[PDB]
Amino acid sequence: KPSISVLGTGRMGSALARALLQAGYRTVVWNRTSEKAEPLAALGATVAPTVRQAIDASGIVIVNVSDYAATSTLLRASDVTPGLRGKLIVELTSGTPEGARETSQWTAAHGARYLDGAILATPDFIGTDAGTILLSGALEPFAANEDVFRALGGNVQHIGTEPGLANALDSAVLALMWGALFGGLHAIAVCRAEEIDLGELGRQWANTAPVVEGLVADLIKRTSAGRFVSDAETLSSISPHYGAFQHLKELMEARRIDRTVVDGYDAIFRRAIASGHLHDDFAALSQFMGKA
C-alpha cells in the first residue's frame, strides 16, 4: 500500500489523516502551524517540516486547507512545483467549479494527475461507512487507488470527469445545510427571547427532524417531476405554511430579532401567491427563486 501525504491538519485535515492511519497507510502530514500537527505524530503520522518534504515522501497528496488561493501559495512556490511531477493531487478544499478547472489545467501543465473533491461530512463521519465525499476528474486515478478513498469513507463516489462537478454539487448541498442551520439560529433566538430551555428545543428537533427530512426529499422529488399543483399526495401546501409563518414574523418583530432572512422567505411566498399558487404544493415556490 503506497504512502499518502495530507496538507492541512485543521479539524478536517486531521480527520482524513486519522482515517488513513486507522486503515494502515504510512501517513505524512504538514501544517503551516507545526504545533497543530504534533498530535498526529502520537497516532503514527510522520510530520514533514516543509511542504516539499511532504510531497516527496508520497505518491498521493490530499490537500485540505481554507481555500484554493492558499493551495496555490503552497503548491505553486518554485521550491514545491518541480516535486509535483508524477504525483496524484486530490484537492478536497472547498471551492468554485472555475477553481477546480483552473487547478486541473495548472496541475496537468506541471506533470501531476488531479482529482477535485468536496467532503459532504463533518470530521466525525470521516472513516465511517456513511462518510460521503464527491470526486470529479479523470476516472483512472480514482479506479487505480480506490482502496485509499475507501479508507476515507464507505460512500466516497466518483461522479464524473469534468473537474468542477464536485464543487458545483457541493455549493447546492451546502445551501441546504446553511438553510437548516440559520433556521436553527432563528429557533435558538426565539427560545432565548421567550425564556424557553434550549434542551427542550433540542428534544422537539429530535422528534420532528425525520418529518422535516421527508418534507425536503418530497420537495426535491416533486420539483423534478414538475408537480407544483396540489394533489392527494401533497404533504405541504403553501396556504398553511404562509399562515403559520405570519406568527413567527410577529414574534420576531416583538423581540427585535433580525427579519432580513424571514422577509426573504416572505417575498418568495408572496410572488407565488400573486401568481395564484396560494393552495398549490410548496414545490411551486421553486418557480419564484429568480432575481427578476
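In this text, residue numbers run from 1 along the sequence as written.
Engineer: Quick one: higher average CA temperature factor, 57 to 65 or 247 to 255?
Structural biologist: Between 247 to 255 and 57 to 65, it is 57 to 65.
Engineer: 75 to 83 versus 191 to 199: which one carries the higher mean Cα B factor per the record?
Structural biologist: The stretch with the larger average C-alpha B-factor is 75 to 83.
Engineer: Identify, among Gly127, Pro210, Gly179, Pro163, the residue whose C-alpha carries the highest B-factor in the deposited PDB entry.
Structural biologist: In the PDB entry, the greatest C-alpha B-factor among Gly127, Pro210, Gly179, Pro163 is found at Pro163.
Engineer: By the CA temperature factor listed in this entry, which of these ranks top: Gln204, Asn155, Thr103, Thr96?
Structural biologist: Max CA B-factor in the entry, restricted to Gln204, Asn155, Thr103, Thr96: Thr103.
Engineer: Sorting the chain's CA B-factors, does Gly117 end up in the lowest, middle or highest third?
Structural biologist: For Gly117, the deposited C-alpha B-factor lands in the lowest third.
Engineer: When the modelled residues of the chain are sorted by Cα temperature factor, does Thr234 land in the lowest, middle or highest third?
Structural biologist: It belongs to the middle third of the chain when residues are ordered by C-alpha B-factor.
Engineer: Taking the chain's C-alpha temperature factors as the reference, tell me which third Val6 falls into: lowest, middle or highest.
Structural biologist: Ranked within chain, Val6 CA B lands in the middle tercile.
Engineer: In terms of the CA temperature factor given in the entry, to which third of its chain does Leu43 belong: lowest, middle or highest?
Structural biologist: CA B-factor rank for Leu43: highest third.
Engineer: Lowest, middle or highest third: which one holds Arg227 when the chain's residues are ordered by CA B-factor from the entry?
Structural biologist: As the PDB entry reports it, the C-alpha B-factor of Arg227 lands in the middle third of its chain.
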